[PDB]
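Okay, structure first, notes after.
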Amino acid sequence: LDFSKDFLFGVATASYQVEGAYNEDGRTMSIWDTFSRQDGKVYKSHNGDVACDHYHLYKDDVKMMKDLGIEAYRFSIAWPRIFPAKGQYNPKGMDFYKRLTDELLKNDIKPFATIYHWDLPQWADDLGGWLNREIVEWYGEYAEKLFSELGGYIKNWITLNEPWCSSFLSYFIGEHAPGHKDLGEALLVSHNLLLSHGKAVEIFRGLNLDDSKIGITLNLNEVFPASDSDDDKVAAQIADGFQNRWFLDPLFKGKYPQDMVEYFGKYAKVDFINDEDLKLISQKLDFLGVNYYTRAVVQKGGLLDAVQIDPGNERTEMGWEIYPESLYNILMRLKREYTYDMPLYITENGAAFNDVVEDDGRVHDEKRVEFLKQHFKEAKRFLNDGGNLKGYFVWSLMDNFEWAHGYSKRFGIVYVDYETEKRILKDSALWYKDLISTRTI
Ligand code: NA
Ligand code: NA
Ligand code: NA
């Protein structure tokens, strides 16, 4: 077999992107409910009030996954369902994740739970959010409650999804909630996110849950200089430090990357760095989840102003270059520089294309079939070169709410007709079903 029977073929979603039921069974608003109601923040003022209605349709969706042969399901847990007010636990919110995970297990699907996938409760943001160091304790209490109530259901835990997005994209670029534009704030948020991750790991190890694993998920790219010039080499180094090393180094080396500490320090405070915090941040993990989509080609441009070059190759509807070799290059880089023999999962990879249901009732998404084929071939090549890849989760199970793009970008292997909430298997889902069945590519 190209992929062993123990290899996990998975799919992934996130709570606010698919669940809907935004005001039901005690759920209160997250920063994204609020953000999507602010004019100009989200495409056509789309929001996740209803999304895919997965909260109500979860049994049908699990049956769909079973019929595809899905072996693992990565989802996130909505903090505002579990603690809809500070210190106020909501058993009805917990009950959803129990019946969801009970359904998954009874259909032979391994649950992978993301504790935080960007839907911070509005009550927490009103108290300062990720800028308030006290969030470390709020997050730890939330995580401990999940570990204690769901530890018999879920054995694979992910603390945070893509902390680069929750920090720089949300507080510096301002495209994501809460939408600040302040480099110093983004840097502090990145530190408090990592410290909160560390607190959850410390709680996790103290519980000593049998056969349970914990990790984190990072979106990673590969940065190419546009030319062999020294200017473009420095630009690539900064861009690589900004996207990848700012998170990889504290997690796996116990130290922020010094070139970036000095670079950022020309523009903002970096005084949050201290030894005690970096010891918590760098606690040993059981696995690393890698979210990979594309590379960047950069030339010198100013503060983080590298011009992004278009190398003229095929792209997705996001404008992201289709460059499968960087999946292998990034996995090898981790093996050789950061994670060594530690298990790796691809916790997201996928693509947005202009999907259309044709008169035959089918979605002939050939470009997504070819995209996934090329990237799974690179995963296979990593394995046959000795990489410790344990699974691969396609983003996404279904079309969903794509953050600032609303519903205009479709990432699913399953098409959702939002008017009816009908699920339509795309050709990529049928291709994936065959890959799982044959384990051959
Ligand atoms: Na939602
Ligand atoms: Na809205
Ligand atoms: Na580790």
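For the single chain, residues carry numbers from 1 onward in sequence order. Order of appearance sets the numbers: ligands from 1, and atoms from 1 within every ligand.
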Note to self: Quiz question: by atom type and distance under 3.5 Å, do the side chains of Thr217 and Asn291 form a donor-acceptor pair?
What the structure shows: no
Only pairs under 3.5 Å count here: list side-chain donor-acceptor contacts from residues 147-157, not counting sequence neighbours, and write none if there are none.
unit_1, atom_1, unit_2, atom_2, d
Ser148, OG, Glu144, O, 3.0
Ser148, OG, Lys145, O, 3.0
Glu149, OE1, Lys98, NZ, 3.1
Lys155, NZ, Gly151, O, 2.8
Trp157, NE1, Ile154, O, 3.2

Checklist line | Any donor-acceptor N or O pair under 3.5 Å, side chains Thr159, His197 | finding: yes
Next item on the list: Quick one: the O of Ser36, the Na ion (ligand 2), O of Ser45 angle, rounded to 10°, please.
Entry: 100°
Item checked: the Na ion (ligand 1): protein N, O or S atoms [distance under 3.0 Å] -> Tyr16 O, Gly20 N, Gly48 O
Note to self: If I only include protein atoms of type N, O or S, how many are less than 3.0 Å from the Na ion (ligand 3)?
What the structure shows: 1
Check: Under the salt bridge (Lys or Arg N to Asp or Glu O under 4.0 Å) rule, what pairs show up with a residue in residues 185-208, not counting sequence neighbours?
Finding: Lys199-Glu202, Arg205-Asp286
Check: Which pair of non-hydrogen atoms, one from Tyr256 and one from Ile281, has the smallest distance, and what is that distance?
Finding: OH-CD1, 4.0 Å
Check: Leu220 and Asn244: which non-hydrogen atoms are nearest, and at how many Å?
Finding: CA-OD1, 3.2 Å
Notebook entry, point to check: Are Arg295 and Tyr323 in a cation-pi contact, defined as NZ or CZ under 6.0 Å from the six-membered ring centre and within 45° of the axis?
Noted result: yes
Notebook entry, point to check: Distance under 6.0 Å and angle within 45° of the ring axis: does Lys253 meet both against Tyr338?
Noted result: yes
Check: Without hydrogens or angle criteria, can the side chains of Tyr293 and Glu348 be said to hold a donor-acceptor pair below 3.5 Å?
Finding: yes
Item checked: Polar contact flag, side-chain donor to acceptor under 3.5 angstrom, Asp53-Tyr418 -> no
